[PDB]
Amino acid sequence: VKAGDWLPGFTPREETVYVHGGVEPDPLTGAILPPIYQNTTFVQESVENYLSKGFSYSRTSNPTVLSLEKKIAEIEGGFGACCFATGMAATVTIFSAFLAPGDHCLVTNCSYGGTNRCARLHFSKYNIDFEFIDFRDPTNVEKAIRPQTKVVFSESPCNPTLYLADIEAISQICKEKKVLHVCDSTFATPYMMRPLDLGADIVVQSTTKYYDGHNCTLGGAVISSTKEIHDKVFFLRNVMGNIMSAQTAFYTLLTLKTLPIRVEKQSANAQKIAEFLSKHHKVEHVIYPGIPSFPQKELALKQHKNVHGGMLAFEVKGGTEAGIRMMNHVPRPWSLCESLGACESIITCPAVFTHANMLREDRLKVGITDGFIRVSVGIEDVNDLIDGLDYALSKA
């Protein structure tokens, strides 16, 4: 064993894989990072040796993108991964590949609003039936499975309510009933929960949020448990033309290196903020998987590794007017905007910013209430973050 080689028979530990997974020094120059293959097409040696160097056209595959895919498959525990322009593109490619007219698809009723809308407003025109149900009890999923069910699509924690789904239990149900279990674990990250380890067949990630973690790029990933599934996704990505770009892949290769230390800091901050909010006399309810009152505490402790995440939610006393006054007065360092997962702490109101297309009776039915505030905790000093919330709450 010489410089440049791993020790044989040793599995590198987890943080080492975030730093080095999928990437060795460039064979040509020794460059320690992946060179960015900002290029459309690849020259072939001869007609007979077509594809002998592995690449032909960047819509189909690109070397920088492939380095990130290998890293993501390692981190998530999958056979292979495919990277996409956005998280929505990853989700839509799953629905495109694995559903056909007449099929039934069970979706957590608290899915990300984008997942919910691409199903209802687009794929349902192909006579695909999406049924939205409560995934908090796995027996609900078992009882709701119909003869035409092809896909069970879980999300955990859920955007924006932070409901959990028992991924292991649901995977056992789907394995018995021979249906595909797809899990969107964007809010968890693989540092907290790897659905493939818990039996899911496919994971979808919006790499926009925590894999990037810097508000820099859009991106998506599909991580497949098997070669058969991986090849189906890969084929359809080339047809739909929604692959990630090499430059986005370079950025994500760099930011993934710090995902463990970022998520540790964000989650330590979020625990302290959730505790503060839970004691605050102008806060009605606080939702965080790590505080003792979390309704699905036992599942959180079973299914979360290391941390309980950077996301929390709360409701201000006084209804919508008080929620709005609070939002309008939250000072820097907080940012009032959509998205989540970043070094910069973000405060969002789902009624207006993310789930505005959902009927208010239905919003209330899922738990998106009037004073409901979604919080993405960043890596600022937690005392500045609490000071800003306390000011805004005093104004509410």
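All residue numbers refer to positions in the sequence shown, first residue = 1.
**Message:** If you look at the other compared entries where the surrounding residues are built, does residue 355 lack coordinates in a third or more?
**Reply:** Counting only entries that model residues on both sides, residue 355 is unresolved in at least a third of them.
**Prompt:** Comparing 282-290 with 213-221, where is the mean C-alpha B-factor higher?
**Reply:** If you average the C-alpha B-factors of 282-290 and of 213-221, the larger mean comes out for 282-290.
**Request:** May I ask you to compare 348-356 and 37-45 by their mean CA B factor in the entry and name the higher one?
**Result:** Averaging CA B-factors over each stretch, the winner is 348-356.
**Prompt:** What's the residue among 244, 256, 133, 92 with the greatest CA temperature factor in the PDB record?
**Reply:** Answer, based on the entry's C-alpha B-factors: 133.
**Prompt:** If you compare 273, 145, 233, 240, which has the highest Cα B-factor in the entry?
**Reply:** Among 273, 145, 233, 240, the highest C-alpha B-factor in the entry belongs to 145.
**Request:** Report the third (lowest, middle or highest) to which the CA temperature factor of residue 198 belongs, ranking only the modelled residues of the same chain.
**Result:** Answer is middle: the recorded C-alpha B-factor places it there.
**Message:** What third of the chain does residue 112 rank in for C-alpha temperature factor, lowest, middle or highest?
**Reply:** Residue 112: CA B-factor falls in the highest third of its chain.
**Message:** Looking at the temperature factor on the CA atom of residue 304, which third of the chain's modelled residues does it land in?
**Reply:** Answer is lowest: the recorded C-alpha B-factor places it there.
**Request:** Divide the modelled residues of the chain into thirds by Cα B-factor and specify which third, lowest, middle or highest, holds residue 260.
**Result:** Lowest third.
**Request:** Classify residue 118 as lowest, middle or highest third according to the C-alpha B-factor given in the PDB entry, relative to its own chain.
**Result:** Highest third.
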